Amino acid sequence: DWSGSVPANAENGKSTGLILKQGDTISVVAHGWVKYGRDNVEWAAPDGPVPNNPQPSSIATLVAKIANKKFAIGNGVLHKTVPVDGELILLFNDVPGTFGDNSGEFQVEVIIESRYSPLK
């Protein structure tokens, strides 16, 4: 449903144009490598920093923003139920005000697996 790049230096994240509703289900996979600083060690996968330089929880990981709330994605998720309405924004969750020294981008694929419709 959407594929593209999520830049590590985009403090506001990357809009996908996918408008999610409560009860939809989605899958995401994320590839590649970014820098969250200039030092040779400051590399991250979507799952987060390489663990020879750990950061606080969820910091410098790939997250989804929906309705301005962050949800864990990391390297990916399969068939997860969306709990709030909103456009899916993808974000490298680095410390605000420090994105300017970042580089690289993740290659991300999103599939809307289902649109909410209950048995009735």
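Things to note:
- Cα point-scatterer Debye curve for the chain, base-10 log of I(q)/I(0) at q = 0.12, 0.15, 0.22 Å⁻¹: -0.41, -0.62, -1.19
- Listing 16, 25, 81 from fewest to most neighbouring C-beta atoms within 10 Å gives 81, 25, 16.
- Dipole axis of the chain (+1 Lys, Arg; -1 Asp, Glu on Cβ), positive-most option in 22, 79, 48: 22
- Measuring against 22 Å, Cα to Cα, the residue pairs 21/120; 65/120; 35/69; 14/69 contain 65/120; 35/69 as the ones spanning a longer distance.
- Using a cutoff of 8 angstrom between alpha carbon atoms and counting only pairs six or more residues apart, the relative contact order for the chain works out to 45 percent.
Neighbour counts run over all protein chains shown; Cβ positions are idealised from the backbone, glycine included. No lab work stands behind these numbers, since they all come straight from the coordinates.
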